[PDB]
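Structural characterization, general
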Amino acid sequence: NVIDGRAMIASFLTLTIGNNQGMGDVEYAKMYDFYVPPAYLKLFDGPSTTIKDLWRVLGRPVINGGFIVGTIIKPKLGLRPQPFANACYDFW
Amino acid sequence: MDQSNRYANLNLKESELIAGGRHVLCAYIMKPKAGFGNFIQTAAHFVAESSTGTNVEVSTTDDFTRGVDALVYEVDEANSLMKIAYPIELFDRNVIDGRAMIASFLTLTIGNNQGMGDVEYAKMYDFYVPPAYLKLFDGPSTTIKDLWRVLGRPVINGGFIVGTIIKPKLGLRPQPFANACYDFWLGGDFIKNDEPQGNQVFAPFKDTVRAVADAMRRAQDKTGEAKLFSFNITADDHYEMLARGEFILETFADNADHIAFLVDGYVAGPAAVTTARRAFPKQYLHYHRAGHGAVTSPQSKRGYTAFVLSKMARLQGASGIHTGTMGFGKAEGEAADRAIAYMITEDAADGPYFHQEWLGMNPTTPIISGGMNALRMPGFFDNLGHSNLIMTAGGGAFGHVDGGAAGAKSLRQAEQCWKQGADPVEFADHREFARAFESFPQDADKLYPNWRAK
Amino acid sequence: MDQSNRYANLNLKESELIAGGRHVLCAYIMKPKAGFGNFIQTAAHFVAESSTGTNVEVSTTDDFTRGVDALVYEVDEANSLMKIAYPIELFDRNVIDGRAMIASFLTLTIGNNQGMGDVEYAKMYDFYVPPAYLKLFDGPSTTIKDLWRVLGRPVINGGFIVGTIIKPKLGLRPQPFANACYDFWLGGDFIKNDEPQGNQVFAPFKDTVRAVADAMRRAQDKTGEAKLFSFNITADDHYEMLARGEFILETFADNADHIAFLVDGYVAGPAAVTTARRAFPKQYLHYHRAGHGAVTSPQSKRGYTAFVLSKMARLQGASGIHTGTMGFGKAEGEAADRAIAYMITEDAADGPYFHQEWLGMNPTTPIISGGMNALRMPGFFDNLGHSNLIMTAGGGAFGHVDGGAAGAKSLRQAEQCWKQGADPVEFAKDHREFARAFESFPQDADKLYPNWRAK
Ligand SMILES: O=C(O)[C@@](O)(COP(=O)(O)O)[C@H](O)[C@H](O)COP(=O)(O)O
Ligand SMILES: O=C(O)[C@@](O)(COP(=O)(O)O)[C@H](O)[C@H](O)COP(=O)(O)O
Ligand SMILES: [Mg+2]
Ligand SMILES: [Mg+2]
């Protein structure tokens, strides 16, 4: 980045797994692993928020706060706002 | 008017108030002014002027209001001690993101009550914040770890960061400034703007920033080690802070993560701190507390102590704050101030009155500064117990007889001396350290009576 | 280290330093701590720690640095007096617009020197700013003139603005709060949030603002007179302040120029004040000073006085600032504080040590508050000499036996009483609301008017 000198995953992708995926003389190629050294590693954002903050909100230990019971609202689509909220209320 | 029946309930148990998690607790040293009400009456008026009331009865008051009254729950007149519990519902919240603000905490706990005519003085020594309120504060986003990471040090116990402040405080033009930076960086890690340095007519911000960036590159090329700089971005105007920070990070480019931002947090206020904390969360936030001594001094019996200031600074999100030299330097301070550092570094710690759990909130680095030099550090480290911190010595570094680089190396060797548990005079097989005796002979005379003989 | 030869020059003349216009002057009351240097030595170190130096010599110093040194030019050890001249080149300037910042003034003039080990205490009592530096400060953009204009009063000597603070300080939910506003506005002009009122969970910001706006509409419809409200928009976060101000002005719409923004300037700091000043220059900026007493109190020998704070607030761009009751209310204060108001209202005025020309910088309103009521007002006006100001009485209004409206009217009648030059007790015979204030605060009545009961 010009603005803050930090890294972008887009360049990593463009180079390591970009045009080489269209090569005519290659049948196939797939990346299974990659290593980033400290000088490059330290330039990525990394997570700023973690599960600890959810544990904290839940009143759990912020280290090994344990299992967070979750769901996804189903139907995937079709519930109008209040039925949606009713399903939310019920699960909660 | 006696409001004790409403605002005082001494039968409440601090342990229960703590267990409940619905109250902020504050401990004050307060003294009524002669010729008014007694201690509990005065404490009651104090609570009234600090929460829901005034100096007379008003008809608009209802029971819901009485429900959120702050209350005096503990007093000890012999020791002028007074503890007050504030329901957390009192404290203001951001409309935009529902988070807490220290400004409300200040307005309520140590605001108007500092102007009361019937009170001679009242000063805060400690406070407790329960989880529901604690979790609403920003806390630090960047820590000393990121500096260690940049320096190539271990991110756990990465050790001592040798720092300095550019002296003169003001007066250096851009290139001489950058030259002193280059010189110190040959032997040291860290350099900060002196707190007032910025965009003086004789040292324009952008020219200086460019020259220092060049100096950083030259120093890193010369030494093969990473170097850090803390730039002052303090301003009245939010957008000026933004302009300065943006220019700095863009200008430093691939060294942008070598940059810290200094904010004069006490005089410019929490708003500036928050501007920096929220605008540049990925840059070490260096809280400079210039002016604090007007209230934190033991000579003062009003306002709040340095301990309170530091704990607030940890809540506001400072990556580091000056905690003072703890009696070992030129500023007012005590050895017991070691307790302040522990309060800002640990996940759990004891204040003078309240125990505090931090729930994994990031630590704030204790920055040690104020008349320090190579000779004075061994005593300081002995009192604190560790060297996982940043130390800046302006005069202590540039006042070295052999220049800034030797000063830096003298600081480095001084810390190596402390970690080896060696005797300073005997340790002083180390020229730069030894020359600090000659640099500051009065100090040398005081700390090591017969250093000359040896 | 003795630094007197470098940082002290007692041969300098104050009149020439003033005439030169290249120096900020500051007057301090300072005392060295026993067991260190003498007065001039300590003053020299004080200057060193407040400009270009430190506690020891450094090889990095050049002649240019020595050229911009601050200097002690006057001392009086018998009276603990110390005066320092700061070259204006020292003070930080904005990159974006080249304007001054009070934060730099503070960092230098009253910053680190408050932590010095060889000083027992030091307190700033006055300061002088020359034209070249003065003109770089924002100054107020809106004044009491604009409230007078909104109220339909003359924009010159528009007279007394009757105000209150919503009490309880905290605890009222949106509609009861708005009900109290409506009640007061039937007899008064101006209402401010109490300083901590904002977005408490039991009183959400937007609901309260909407309810108050409705109360304003109803009150203006009821009285056929314009009403004013001062909303607290203080926050740590700049963008929260913006969000609050923007919501208020949009919500009040055609009554938007009836709105002032209150900022807790001392605890939140100059940045918040400046946020409001620069983001909303067309809205009256109401500077609230909660916490100042920690340093401004005469019990304190550190920091700065209320006079200094007020003069700074005028520089920062406050439309009005609280100056205290000058001994007539519940807070610590003296009659001589009348001098502060003059400093913030006039184009030229005298401080305890320095005369200040303001060169047409807008005035800042003295906002009077702290345990005031109708009975105590005549003496305050007698001491001050005018009523061109805003006065807010929370307990004095809502503590009135007949409620907020009668209290408001009692304050109104109290100022009319002072302006008519009438005897209060004789005046009370023909003005019920004023008279009921005697019964509302009988101890105040007993002290101020010994035999009011017989009459
Ligand atoms: O004098 C100064 O302004 C310093 O640069 C120290 O320089 P020196 O090392 O040359 O003395 C620091 O800002 C103070 O230590 C801050 O005070 P504190 O830490 O107490 O808040
Ligand atoms: O909370 C209060 O006490 C007030 O609302 C006054 O209420 P009352 O009218 O009922 O007394 C004001 O904020 C103080 O006067 C501020 O003090 P100052 O102006 O001196 O800075
Ligand atoms: Mg400094
Ligand atoms: Mg108030």
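Method of structure determination, per the deposited record: X-ray crystallography was used for this entry, reaching 2.5300 Å resolution.

A short note on the pattern of salt bridges
Scanning all chains against the criterion turns up 54 salt bridges over all chains. Put simply, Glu438(B) and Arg435(B) hold a salt bridge, and the shortest N to O gap is 2.9 Å. Highlighted residues: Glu438(B) and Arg435(B), both in helix 20 (residues 431-439), separated by three residues, approximately one helical turn. Of the charged contacts in the structure, one is a salt bridge between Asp444(C) and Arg376(C), with a shortest N-O distance of 2.8 Å. Here the residue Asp444(C) occupies a position in helix 21 (residues 442-448), and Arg376(C) occupies one in the loop between strand 14 (365-369) and helix 16 (377-384), the gap between them amounting to 68 residues. Overall, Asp444(C) belongs to the buried group, its relative accessible area being 16%.

Section: the site of ligand 1
Near ligand 1 you find 19 residues, and of these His288(B), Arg289(B), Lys330(B), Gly395(B) and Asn112(C) are the closest. The local environment of ligand 1 is shared, drawing residues from chains B and C. Between ligand 1 and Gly395(B), the relevant distance is 2.6 Å, taken from an oxygen atom to a main-chain nitrogen or oxygen of the residue. Interatomic distance of 3.3 Å between a side-chain N/O atom of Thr54(C) and an oxygen atom of ligand 1.

Observations regarding the coordination of the magnesium ion (ligand 3)
Coordination of the magnesium ion (ligand 3) by the protein involves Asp194(B) (OD) and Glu195(B) (OE), with metal-donor separations of 2.0 to 2.4 Å. For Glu195(B), a relative accessible area of 3% corresponds to the buried category.

Some words on the domain arrangement of chain B
Residues and elements named next belong to chain B. According to the domain assignment, chain B consists of domain 1 (5-137) and domain 2 (138-439). Centre-to-centre separation of domain 1 and domain 2, based on C-alpha positions: 35 Å. Tallying the contact residues gives 31 residues for domain 1 and 29 residues for domain 2. Regarding the contact of domain 1 and domain 2, the summed buried area is about 2500 Å², with carbon and sulfur atoms giving 65% of it. Counting every contact that joins domain 1 to domain 2 gives one salt bridge. The partner of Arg-278 in a salt bridge is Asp-97, with the nearest N and O atoms 3.0 Å apart. Viewed at the interface, domain 2 and domain 1 are joined by 14 residue pairs in polar contact. Counting only elements with at least two residues in the side of domain 1 that touches domain 2, the list comes to strand 1 (23-32), strand 3 (81-87), helix 5 (102-109), strand 4 (119-128) and helix 6 (131-134).

Concerning the sheet that holds strand 10 (residues 303-304) of chain C
Residues and elements named next belong to chain C. If you trace the five strands from one edge of the open sheet to the other, you get 2-3-1-4-10, paired in mixed fashion. One side of each edge strand has no neighbouring strand; the edge strands of this open sheet are strand 2 (71-76) and strand 10. Judged from the eight bridges that link them, strand 1 (residues 23-32) and strand 4 (residues 119-128) form a sheet pairing that is antiparallel. Each residue of the ladder has a partner; that of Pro-32, found in strand 4, is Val-119. This element, helix 3 (residues 39-48), spans strand 1, strand 2, strand 3 (81-87) and strand 4 of the sheet and lies at about 30° to strand 3.

A short note on the UniProt feature "active site" in chain B
Sequence positions flagged by UniProt for "active site" are, in local numbering, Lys167(B) and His288(B). Position of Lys167(B) among the secondary structure elements: in the loop between strand 5 (161-165) and helix 8 (174-185). Residue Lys167(B) is classed as buried on the basis of its relative accessible area of 7%. Look past the residues within four positions of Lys167(B) in its chain and what remains in contact with it is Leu172(B), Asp194(B), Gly394(B), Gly395(B), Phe398(B), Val58(C) and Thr60(C). Looking at the element boundaries, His288(B) is found in strand 9 (residues 284-288). Owing to a relative accessible area of 6%, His288(B) belongs among the buried residues under this scheme. Excluding residues that lie within four positions of it along the chain, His288(B) makes contacts with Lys192(B), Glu195(B), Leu262(B), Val263(B), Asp264(B), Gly265(B), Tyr266(B), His322(B) and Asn112(C).

Some words on helix 14 (residues 306-316) of chain B
Residues and elements named next belong to chain B. Of all 11 residues that make up helix 14, 11 are buried, and the element is covered over most of its length. Inspection of helix 14 places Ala-306, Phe-307, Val-308, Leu-309, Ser-310, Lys-311, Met-312, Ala-313, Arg-314, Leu-315 and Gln-316 among the buried residues, and these make up the whole buried set. Downstream of helix 14 by one or two residues, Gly-317 has phi in the positive range, about 110°.

Remarks on empty space enclosed by the protein
The calculated volume of the largest cavity comes to roughly 440 Å³. Considering only residue class, the lining of the largest cavity consists of 24 nonpolar, 10 polar and no charged.

Topic: the pairing of strand 7 (residues 228-232) of chain B
All names here are of chain B. Counting buried positions along strand 7 gives five out of five residues, so the element sits mostly inside the fold. Residues of strand 7 alternate between two faces, with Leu-228, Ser-230 and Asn-232 on one and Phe-229 and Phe-231 on the opposite face, all of them buried. As paired elements, strand 6 (residues 190-192) and strand 7 share three bridges and run parallel to each other. The partner of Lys-192 across the bridge, within strand 7, is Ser-230. As for the winding sense of the linkage, the β-α-β connection from strand 6 through helix 9 (residues 205-223) to strand 7 is right-handed. Alignment of strand 7 against strand 8 (residues 259-264), held across four bridges, turns out to be parallel.

Focus: the site of ligand 2
Residue and element names in this part refer to chain C. Of all residues adjacent to ligand 2, which total 20 residues, the nearest are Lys-169, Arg-289, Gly-371, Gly-394 and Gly-395. Between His-322 and ligand 2, the recorded distance is 2.9 Å, taken from a side-chain N or O atom to an oxygen atom. One of the backbone N or O atoms of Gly-394 is found 2.8 Å from an oxygen atom in ligand 2. Its free accessible area being 490 Å², ligand 2 has 96% of it covered by the protein chains. For the shell around ligand 2, the per-class residue count stands at two nonpolar, 11 polar and seven charged.

Some points on the interface of chain C and chain B
Each partner contributes to the interface: chain C provides 99 residues, whereas chain B provides 101 residues. Residue composition of the side of chain C that touches chain B, grouped by class: 42 nonpolar, 35 polar and 22 charged.

Things to note about unusual backbone geometry
Cis rather than trans, the peptide bond between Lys74(A) and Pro75(A) has omega equal to 0°. The phi dihedral of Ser80(B) falls on the positive side, at around 60°, and the residue is not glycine. If you trace the backbone, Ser80(B) turns up in the loop between strand 2 (71-76) and strand 3. In this structure, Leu359(C) is a non-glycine residue whose phi angle is positive, near 55°. Position of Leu359(C) relative to the elements: it lies in the loop between strand 13 (355-357) and strand 14.

Some remarks on helix 5 (residues 102-110) of chain C
An α-helix turns once every 3.6 residues. As a result, residues three or four positions apart point the same way. Taking burial as the measure, the nine residues of helix 5 of chain C include nine buried ones, the bulk of the element. Here helix 5 of chain C has its buried residues at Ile102(C), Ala103(C), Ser104(C), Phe105(C), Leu106(C), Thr107(C), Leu108(C), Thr109(C) and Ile110(C).

Concerning the environment of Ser141(B)
Residue and element names in this part refer to chain B. As for its position among the elements, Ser-141 is in the loop between helix 6 and helix 7 (144-151). Since its relative accessible area comes to 34%, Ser-141 is described here as partly exposed. When the C-alpha positions of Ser-141 and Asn-373 are compared, they lie 31 Å apart, and in sequence the two are 232 residues distant. With sequence-adjacent residues up to four places away left out, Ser-141 is seen in contact with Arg-277, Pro-281 and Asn-362. A polar side-chain atom of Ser-141 sits 3.4 Å from a polar atom in the side chain of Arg-277.

Reading guide: rules and limits
Residues numbered from 1 in each chain as written, not as in the entry; some residues may be left out. Chains lettered and ligands numbered in written order. Part of a larger assembly, values for the part shown. Heavy atoms only, no water. Residues with missing side-chain atoms left out of burial classes, pairs and counts. Salt bridge = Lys/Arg side-chain N within 4 Å of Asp/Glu carboxyl O. Helix = DSSP H or I, 4+ residues; strand = E, 2+ residues; numbered from the N terminus. Buried < 20%, exposed > 50% of the residue type's maximum accessible area, 1.4 Å probe, protein only. Near = heavy atom within 4 Å. Polar contact = N/O pair within 3.5 Å; in protein donor to acceptor, adjacent residues only side chain to side chain. Donors = N, O, S within 2.8 Å, 3.2 Å for Na, K, Ca; no water. Domains from an automatic or database assignment. Contact = heavy atoms within 4.5 Å. Buried area = accessible area lost by both parts, 1.4 Å probe. Pairing = 2+ DSSP bridges. Axes fitted to C-alpha atoms, helices over the stretch in contact; angles between N-to-C directions. UniProt positions renumbered as here; feature names shortened; annotations may be inferred. 1 Å grid on protein atoms, 1.4 Å probe; cavity = no way out; pocket = protein on both sides within 12 Å on 5 of 7 lines; lining within 4 Å. Points joined across faces, edges and corners; volume = space filled by probe spheres on them. Nonpolar A, V, L, I, M, F, W, Y, C, P; charged D, E, K, R; others polar. Right-handed = clockwise from strand over helix to strand, strands pointing away. Areas by Shrake-Rupley, 256 points an atom, 1.4 Å probe, with all protein chains shown as cover.

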